[PDB]
Amino acid sequence: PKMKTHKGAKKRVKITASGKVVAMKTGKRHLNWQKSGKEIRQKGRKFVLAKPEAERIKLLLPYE
Amino acid sequence: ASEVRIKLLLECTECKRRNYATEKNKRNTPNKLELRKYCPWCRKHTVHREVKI
RNA sequence: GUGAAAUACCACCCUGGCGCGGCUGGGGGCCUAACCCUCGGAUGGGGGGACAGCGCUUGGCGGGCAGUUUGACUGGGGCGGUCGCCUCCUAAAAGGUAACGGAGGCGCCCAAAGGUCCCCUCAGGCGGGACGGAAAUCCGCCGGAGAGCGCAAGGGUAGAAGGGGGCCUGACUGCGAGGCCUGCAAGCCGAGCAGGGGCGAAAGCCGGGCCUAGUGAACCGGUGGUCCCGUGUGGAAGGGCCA
RNA sequence: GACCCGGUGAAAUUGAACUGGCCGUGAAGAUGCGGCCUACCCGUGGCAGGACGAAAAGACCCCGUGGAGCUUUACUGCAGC
RNA sequence: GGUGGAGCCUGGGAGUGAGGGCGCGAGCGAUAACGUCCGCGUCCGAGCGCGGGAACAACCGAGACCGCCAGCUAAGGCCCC
RNA sequence: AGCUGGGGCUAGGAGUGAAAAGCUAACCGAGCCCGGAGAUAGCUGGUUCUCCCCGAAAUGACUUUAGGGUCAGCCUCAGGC
RNA sequence: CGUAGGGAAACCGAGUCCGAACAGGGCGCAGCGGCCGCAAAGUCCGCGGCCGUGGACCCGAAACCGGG
RNA sequence: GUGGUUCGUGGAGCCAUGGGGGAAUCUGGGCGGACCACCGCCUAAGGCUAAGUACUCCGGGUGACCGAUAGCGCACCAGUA
RNA sequence: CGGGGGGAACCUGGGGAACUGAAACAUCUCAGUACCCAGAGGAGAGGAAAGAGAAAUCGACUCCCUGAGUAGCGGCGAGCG
Ligand SMILES: [Mg+2]
Ligand SMILES: [Mg+2]
Ligand SMILES: [Mg+2]
Ligand SMILES: [Mg+2]
Ligand SMILES: [Mg+2]
Ligand SMILES: [Mg+2]
Ligand SMILES: [Mg+2]
Ligand SMILES: [Mg+2]
Ligand SMILES: [Mg+2]
Ligand SMILES: [Mg+2]
Ligand SMILES: [Mg+2]
Ligand SMILES: [Mg+2]
Ligand SMILES: [Mg+2]
Ligand SMILES: [Mg+2]
Ligand SMILES: [Mg+2]
Ligand SMILES: [Mg+2]
Ligand SMILES: [Mg+2]
Ligand SMILES: [Mg+2]
Ligand SMILES: [Mg+2]
Ligand SMILES: [Mg+2]
Ligand SMILES: [Mg+2]
Ligand SMILES: [Mg+2]
Ligand SMILES: [Mg+2]
Ligand SMILES: [Mg+2]
Ligand SMILES: [Mg+2]
Ligand SMILES: [Mg+2]
Ligand SMILES: [Mg+2]
Ligand SMILES: [Mg+2]
Ligand SMILES: [Mg+2]
Ligand SMILES: [Mg+2]
Ligand SMILES: [Mg+2]
Ligand SMILES: [Mg+2]
Ligand SMILES: [Mg+2]
Ligand SMILES: [Mg+2]
Ligand SMILES: [Mg+2]
Ligand SMILES: [Mg+2]
Ligand SMILES: [Mg+2]
Ligand SMILES: [Mg+2]
Ligand SMILES: [Mg+2]
Ligand SMILES: [Mg+2]
Ligand SMILES: [Mg+2]
Ligand SMILES: [Mg+2]
Ligand SMILES: [Mg+2]
Ligand SMILES: [Mg+2]
Ligand SMILES: [Mg+2]
Ligand SMILES: [Mg+2]
Ligand SMILES: [Mg+2]
Ligand SMILES: [Mg+2]
Ligand SMILES: [Mg+2]
Ligand SMILES: [Mg+2]
Ligand SMILES: [Mg+2]
Ligand SMILES: [Mg+2]
Ligand SMILES: [Mg+2]
Ligand SMILES: [Mg+2]
Ligand SMILES: [Mg+2]
Ligand SMILES: [Mg+2]
Ligand SMILES: [Mg+2]
Ligand SMILES: [Mg+2]
Ligand SMILES: [Mg+2]
Ligand SMILES: [Mg+2]
Ligand SMILES: [Mg+2]
Ligand SMILES: [Mg+2]
Ligand SMILES: [Mg+2]
Ligand SMILES: [Mg+2]
Ligand SMILES: [Mg+2]
Ligand SMILES: [Mg+2]
Ligand SMILES: [Mg+2]
Ligand SMILES: [Mg+2]
Ligand SMILES: [Mg+2]
Ligand SMILES: [Mg+2]
Ligand SMILES: [Mg+2]
Ligand SMILES: [Mg+2]
Ligand SMILES: [Mg+2]
Ligand SMILES: [Mg+2]
Ligand SMILES: [Mg+2]
Ligand SMILES: [Mg+2]
Ligand SMILES: [Mg+2]
Ligand SMILES: [Mg+2]
Ligand SMILES: [Mg+2]
Ligand SMILES: [Mg+2]
Ligand SMILES: [Mg+2]
Ligand SMILES: [Mg+2]
Ligand SMILES: [Mg+2]
Ligand SMILES: [Mg+2]
Ligand SMILES: [Mg+2]
Ligand SMILES: [Mg+2]
Ligand SMILES: [Mg+2]
Ligand SMILES: [Mg+2]
Ligand SMILES: [Mg+2]
Ligand SMILES: [Mg+2]
Ligand SMILES: [Mg+2]
Ligand SMILES: [Mg+2]
Ligand SMILES: [Mg+2]
Ligand SMILES: [Mg+2]
Ligand SMILES: [Mg+2]
Ligand SMILES: [Mg+2]
Ligand SMILES: [Mg+2]
Ligand SMILES: [Mg+2]
Ligand SMILES: [Mg+2]
Ligand SMILES: [Mg+2]
Ligand SMILES: [Mg+2]
Ligand SMILES: [Mg+2]
Ligand SMILES: [Mg+2]
Ligand SMILES: [Mg+2]
Ligand SMILES: [Mg+2]
Ligand SMILES: [Mg+2]
Ligand SMILES: [Mg+2]
Ligand SMILES: [Mg+2]
Ligand SMILES: [Mg+2]
Ligand SMILES: [Mg+2]
Ligand SMILES: [Mg+2]
Ligand SMILES: [Mg+2]
Ligand SMILES: [Mg+2]
Ligand SMILES: [Mg+2]
Ligand SMILES: [Mg+2]
Ligand SMILES: [Mg+2]
Ligand SMILES: [Mg+2]
Ligand SMILES: [Mg+2]
Ligand SMILES: [Mg+2]
Ligand SMILES: [Mg+2]
Ligand SMILES: [Mg+2]
Ligand SMILES: [Mg+2]
Ligand SMILES: [Mg+2]
Ligand SMILES: [Mg+2]
Ligand SMILES: [Mg+2]
Ligand SMILES: [Mg+2]
Ligand SMILES: [Mg+2]
Ligand SMILES: [Mg+2]
Ligand SMILES: [Mg+2]
Ligand SMILES: [Mg+2]
Ligand SMILES: [Mg+2]
Ligand SMILES: [Mg+2]
Ligand SMILES: [Mg+2]
Ligand SMILES: [Mg+2]
Ligand SMILES: [Mg+2]
Ligand SMILES: [Mg+2]
Ligand SMILES: [Mg+2]
Ligand SMILES: [Mg+2]
Ligand SMILES: [Mg+2]
Ligand SMILES: [Mg+2]
Ligand SMILES: [Mg+2]
Ligand SMILES: [Mg+2]
Ligand SMILES: [Mg+2]
Ligand SMILES: [Mg+2]
Ligand SMILES: [Mg+2]
Ligand SMILES: [Mg+2]
Ligand SMILES: [Mg+2]
Ligand SMILES: [Mg+2]
Ligand SMILES: [Mg+2]
Ligand SMILES: [Mg+2]
Ligand SMILES: [Mg+2]
Ligand SMILES: [Mg+2]
Ligand SMILES: [Mg+2]
Ligand SMILES: [Mg+2]
Ligand SMILES: [Mg+2]
Ligand SMILES: [Mg+2]
Ligand SMILES: [Mg+2]
Ligand SMILES: [Mg+2]
Ligand SMILES: [Mg+2]
Ligand SMILES: [Mg+2]
Ligand SMILES: [Mg+2]
Ligand SMILES: [Mg+2]
Ligand SMILES: [Mg+2]
Ligand SMILES: [Mg+2]
Ligand SMILES: [Mg+2]
Ligand SMILES: [Mg+2]
Ligand SMILES: [Mg+2]
Ligand SMILES: [Mg+2]
Ligand SMILES: [Mg+2]
Ligand SMILES: [Mg+2]
Ligand SMILES: [Mg+2]
Ligand SMILES: [Mg+2]
Ligand SMILES: [Mg+2]
Ligand SMILES: [Mg+2]
Ligand SMILES: [Mg+2]
Ligand SMILES: [Mg+2]
Ligand SMILES: [Mg+2]
Ligand SMILES: [Mg+2]
Ligand SMILES: [Mg+2]
Ligand SMILES: [Mg+2]
Ligand SMILES: [Mg+2]
Ligand SMILES: [Mg+2]
Ligand SMILES: [Mg+2]
Ligand SMILES: [Mg+2]
Ligand SMILES: [Mg+2]
Ligand SMILES: [Mg+2]
Ligand SMILES: [Mg+2]
Ligand SMILES: [Mg+2]
Ligand SMILES: [Mg+2]
Ligand SMILES: [Mg+2]
Ligand SMILES: [Mg+2]
Ligand SMILES: [Mg+2]
Ligand SMILES: [Mg+2]
Ligand SMILES: [Mg+2]
Ligand SMILES: [Mg+2]
Ligand SMILES: [Zn+2]
């Protein structure tokens, strides 16, 4: 049977137009009061995932 | 932090929007904080008041 | 006259309290006919009696049975101890480097113990002085740092990062070239541009703290804000983004 | 019974065999490697010292995020009251 | 300088994630262990193919494409085997 | 409280049990058959023709992880520089 | 499937998102000879290695469950 | 109080119903994803209904299906001894 | 007049697990599948909108393709769809 798109990924990540994996930045969900403004500020942005891990997270998205 | 070294927020007293997050020591500063910070909403510094987190 | 409000009189409402009627909720007592047991006779007699039994439902007790969990490292397993973070060594003069190798600490803290401007320099030794001391504070000479820096240790440090004080909130918002580190993810440093401010005559410094620990990824949900989506349409329910 | 003769005739086991001893060596207990000693070829009745002999994929021990039985103030459910 | 089964980059397929002896530097151990735990290297692993070491995976020598009744050498050896 | 023939009844988380977890068709801590079924097995084993070139690892980090795995490391092939 | 991407989204669009910004940054944006031919993004069928789902390289449990 | 639907209480409608309460007849009522309104779709609580669809004990045609350890468990007196 | 029982699978209704997957496991999955029962037939079920759902449109039901592993569901885990 055809492959099933892994939703755990399509809800977290997004494949660009060139073949890269871009997921939001980890750290600023909670426990943020004493964090920097630089640390809260920078973590509110996407980051290109490491090539090996992204390659895996695209085989889970066979139809996007 | 602890139960005495609490947490708190700052509220641009002009537009009442909470903007920053810090802490104090309610035994060494039991009076509500009043600090003058910058509000991205009003786009000008403003006296901010300790509200509860 | 009089007070805020004023009187004969006629309604509509309250205060509370009293009797009839309503309609219900509890408790007591008695029926009977549902329902249950019983009676050579049964459309009936007799006892129980609207309780019990049973159905939907609430909450509890519940190894009686049912499905599972009961961590790893370990000079065999178990008992003991340990499990992440910081400092020094082992580490063989870059970085990194193991062992249940040797030594100690963190799970906080500061509204100043932050920022800036100005000023000041310690322990320690010798002599000197009421109370007054091996060390309370004053005077003198010597004293490159052995004091101090909130806390373990290290490196660092007076030509300040140490001590005093003045005005202050940069313990900013919006980003951020380039890099250390690096399996991922993280963690770390950061010039500079604009917004708006603070200290300074000015050059300039300021995106918390001399530094290295003082922490916890996603999932789920709470609070404020935004006003992006709103399941025929306008709203709302519920969400997403910001913190 | 065993042992000899006639009649019938199994078994587990079995890498292949042309299968000695001592001092050493080797995955640390050698018929099979090294050196030396010994030893003519094939058998029968016997004895059990070795082929770490046979048998049973160690009951012990640990390992596996294996299982199953029993247990309770382990967790969560069900009957039942 | 270096043209090497060298290096950089993108991409496909793996296996490995149980190492061991030796040498030097340490810790642990008793300035024990064919002990153990790290560091540089080496070898066996995968070279249990060859020579030496009596015999022996890792000490010395030396990297086996194949064939010769040809020659030179390394370690080690030259009285006899 | 005996032994015994014959006809009967009680069964699988259930029956019986003067109690051993004994018995229930020669192995009972949950019988046997058939089915779900080719359950699961991170464990052991087994994997079949030839020649040719290269040729490893047994490390680090995380891992209810330690005899298993994800990424990196070391090997390989095609293309490019 | 491809020809457009960026953004949680409305929505803009060779740009777009965070933003007050004409700032900065993220993810993005542009064939060869002499019209022709040649090459190509892409796509389609074959073949091959590998991966996902199923017993998925073969044999093997002790056990669980259902009906007899 | 549940079941079905992609919907595991989720903002939870729709379809179905075990328990309680309990209407109306077109000016009625169910629906369009809690709810209210506007706008629209439909007309439950009686029933019937061909073909296109599924299987293969049976008969036939045909195979880059097997060829007596293969192919159905049986090519033969096999669900037999 | 009719029913009762049989039929290899196929069909609908009443009931309905577990191993397994989630690298443990309880919600979850395996799956309303396997299995039991009643029924029917050459087919059975379903079926003529109190429907779908945004076209201001479609027009009973059944089946195949496609829509689509899209929308959504999910200890938002495995996976379901
Ligand atoms: Mg998108
Ligand atoms: Mg975050
Ligand atoms: Mg948040
Ligand atoms: Mg901090
Ligand atoms: Mg900051
Ligand atoms: Mg922001
Ligand atoms: Mg698609
Ligand atoms: Mg696309
Ligand atoms: Mg802050
Ligand atoms: Mg009475
Ligand atoms: Mg009652
Ligand atoms: Mg009754
Ligand atoms: Mg109950
Ligand atoms: Mg018990
Ligand atoms: Mg209990
Ligand atoms: Mg039991
Ligand atoms: Mg139990
Ligand atoms: Mg289970
Ligand atoms: Mg253990
Ligand atoms: Mg460890
Ligand atoms: Mg021990
Ligand atoms: Mg030992
Ligand atoms: Mg050991
Ligand atoms: Mg050890
Ligand atoms: Mg213990
Ligand atoms: Mg060093
Ligand atoms: Mg060194
Ligand atoms: Mg480095
Ligand atoms: Mg220890
Ligand atoms: Mg300090
Ligand atoms: Mg005195
Ligand atoms: Mg000092
Ligand atoms: Mg201290
Ligand atoms: Mg020094
Ligand atoms: Mg000062
Ligand atoms: Mg000051
Ligand atoms: Mg001022
Ligand atoms: Mg960078
Ligand atoms: Mg990095
Ligand atoms: Mg941090
Ligand atoms: Mg400025
Ligand atoms: Mg300025
Ligand atoms: Mg001034
Ligand atoms: Mg700065
Ligand atoms: Mg600090
Ligand atoms: Mg200071
Ligand atoms: Mg922590
Ligand atoms: Mg979770
Ligand atoms: Mg906006
Ligand atoms: Mg709407
Ligand atoms: Mg709107
Ligand atoms: Mg309106
Ligand atoms: Mg409103
Ligand atoms: Mg809302
Ligand atoms: Mg909201
Ligand atoms: Mg946030
Ligand atoms: Mg004779
Ligand atoms: Mg004889
Ligand atoms: Mg052998
Ligand atoms: Mg002999
Ligand atoms: Mg020896
Ligand atoms: Mg010997
Ligand atoms: Mg010999
Ligand atoms: Mg011999
Ligand atoms: Mg020989
Ligand atoms: Mg010999
Ligand atoms: Mg003999
Ligand atoms: Mg003997
Ligand atoms: Mg013997
Ligand atoms: Mg004998
Ligand atoms: Mg013996
Ligand atoms: Mg022997
Ligand atoms: Mg013996
Ligand atoms: Mg035996
Ligand atoms: Mg055995
Ligand atoms: Mg075994
Ligand atoms: Mg075994
Ligand atoms: Mg064994
Ligand atoms: Mg064993
Ligand atoms: Mg065990
Ligand atoms: Mg475990
Ligand atoms: Mg394990
Ligand atoms: Mg157990
Ligand atoms: Mg009972
Ligand atoms: Mg009782
Ligand atoms: Mg080359
Ligand atoms: Mg090479
Ligand atoms: Mg190489
Ligand atoms: Mg590669
Ligand atoms: Mg491992
Ligand atoms: Mg080992
Ligand atoms: Mg292994
Ligand atoms: Mg290892
Ligand atoms: Mg090692
Ligand atoms: Mg060793
Ligand atoms: Mg040796
Ligand atoms: Mg050594
Ligand atoms: Mg030497
Ligand atoms: Mg040495
Ligand atoms: Mg040494
Ligand atoms: Mg050492
Ligand atoms: Mg040694
Ligand atoms: Mg060892
Ligand atoms: Mg080791
Ligand atoms: Mg090996
Ligand atoms: Mg060699
Ligand atoms: Mg070699
Ligand atoms: Mg050799
Ligand atoms: Mg050999
Ligand atoms: Mg050999
Ligand atoms: Mg040799
Ligand atoms: Mg030799
Ligand atoms: Mg020799
Ligand atoms: Mg060479
Ligand atoms: Mg010569
Ligand atoms: Mg000699
Ligand atoms: Mg001789
Ligand atoms: Mg009898
Ligand atoms: Mg009898
Ligand atoms: Mg009998
Ligand atoms: Mg019975
Ligand atoms: Mg049973
Ligand atoms: Mg049974
Ligand atoms: Mg049964
Ligand atoms: Mg019982
Ligand atoms: Mg039997
Ligand atoms: Mg028996
Ligand atoms: Mg059992
Ligand atoms: Mg039996
Ligand atoms: Mg059966
Ligand atoms: Mg199954
Ligand atoms: Mg299992
Ligand atoms: Mg052959
Ligand atoms: Mg390793
Ligand atoms: Mg990791
Ligand atoms: Mg864990
Ligand atoms: Mg171990
Ligand atoms: Mg790898
Ligand atoms: Mg190449
Ligand atoms: Mg841009
Ligand atoms: Mg760019
Ligand atoms: Mg062409
Ligand atoms: Mg193709
Ligand atoms: Mg692959
Ligand atoms: Mg399968
Ligand atoms: Mg297979
Ligand atoms: Mg088998
Ligand atoms: Mg099996
Ligand atoms: Mg069980
Ligand atoms: Mg059981
Ligand atoms: Mg459900
Ligand atoms: Mg809820
Ligand atoms: Mg529901
Ligand atoms: Mg729907
Ligand atoms: Mg009902
Ligand atoms: Mg109407
Ligand atoms: Mg109406
Ligand atoms: Mg309705
Ligand atoms: Mg309704
Ligand atoms: Mg409605
Ligand atoms: Mg509707
Ligand atoms: Mg609606
Ligand atoms: Mg209407
Ligand atoms: Mg409708
Ligand atoms: Mg009607
Ligand atoms: Mg019908
Ligand atoms: Mg029909
Ligand atoms: Mg039909
Ligand atoms: Mg036929
Ligand atoms: Mg033929
Ligand atoms: Mg043939
Ligand atoms: Mg035959
Ligand atoms: Mg046959
Ligand atoms: Mg034949
Ligand atoms: Mg019939
Ligand atoms: Mg059904
Ligand atoms: Mg059941
Ligand atoms: Mg289960
Ligand atoms: Mg399975
Ligand atoms: Mg799985
Ligand atoms: Mg499965
Ligand atoms: Mg499982
Ligand atoms: Mg598993
Ligand atoms: Mg289990
Ligand atoms: Mg299911
Ligand atoms: Mg059924
Ligand atoms: Mg019947
Ligand atoms: Mg029938
Ligand atoms: Mg037909
Ligand atoms: Mg019909
Ligand atoms: Mg009709
Ligand atoms: Mg589609
Ligand atoms: Mg598609
Ligand atoms: Mg999730
Ligand atoms: Mg399902
Ligand atoms: Zn404001």
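Readers should treat all values here as calculations from the given coordinates under stated rules, not as data from a laboratory. Cβ coordinates were reconstructed from backbone atoms using ideal geometry, including for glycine residues, and neighbour counts include every protein chain displayed.
Of the residues A:42, A:34, the single one that is away from ligand 6 (no atom under 14 Å from the Cβ) and under 30 Å from residue B:40 (Cα atoms) is A:34. For the stretch B:4-23, filtering for residues that are within 15 Å of residue A:30 (Cα to Cα) and under 9 Å from the mean Cα position of the chain (by Cα) leaves 5. Scanning the stretch A:25-61 for residues that are under 11 Å from the mean Cα position of the chain (by Cα), within 30 Å of residue B:22 (Cβ to Cβ) and not in a loop (DSSP other than H, G, I, E, B) yields a total of 1.
Close contacts from the stretch A:41-56, counting a first residue that is touching a residue at least 12 places away in the same chain (Cβ under 8 Å) and a second that is basic (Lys, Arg) and within 16 Å of ligand 4 (Cβ to nearest atom), with Cβ to Cβ under 9 Å and a gap of 6+ residues or different chains, come to A:43/A:28; A:43/A:35; A:44/A:28. Taking the stretch A:6-24 as the range and being out of contact with any helix residue (DSSP H, G or I) (no Cβ under 7 Å at 6 or more places or on another chain) and in a loop (DSSP other than H, G, I, E, B) as the test, the residues that pass are A:6, A:11, A:12, A:16, A:17, A:18, A:19, A:24.
I'm trying to understand the selection: among the residues of the stretch B:7-47, which are touching a residue at least 24 places away in the same chain (Cβ under 8 Å), outside any strand (DSSP E or B) and either within 14 Å of chain A (Cβ to nearest Cβ) or over 18 Å from residue A:41 (Cα atoms) (or both)? Within the stretch B:7-47, B:7, B:13, B:14, B:15, B:24, B:33, B:42 meet the criteria. Restricting attention to the stretch A:17-37, does a residue exist that is within 8 Å of RNA strand C (Cβ to nearest atom), more than 14 Å from chain B (Cβ to nearest Cβ), under 30 Å from residue B:2 (Cα atoms) and in contact with a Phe, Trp or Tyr (Cβ under 8 Å, 6 or more places away or on another chain)? Yes, there is a match, as at least one residue in the stretch A:17-37 is within 8 Å of RNA strand C (Cβ to nearest atom), more than 14 Å from chain B (Cβ to nearest Cβ), under 30 Å from residue B:2 (Cα atoms) and in contact with a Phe, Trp or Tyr (Cβ under 8 Å, 6 or more places away or on another chain).
Within the option set B:24, B:16, being buried (at least 16 other Cβ atoms within 10 Å of the Cβ) and of a type in the set (D, E, K, R) holds for one residue only, B:24.
When the stretch A:1-10 is limited to residues that are more than 10 Å from RNA strand G (Cβ to nearest atom) and surrounded by fewer than 11 Cβ atoms within 10 Å (Cβ to Cβ), the one that is nearest to residue A:45 (Cα to Cα) turns out to be A:8.
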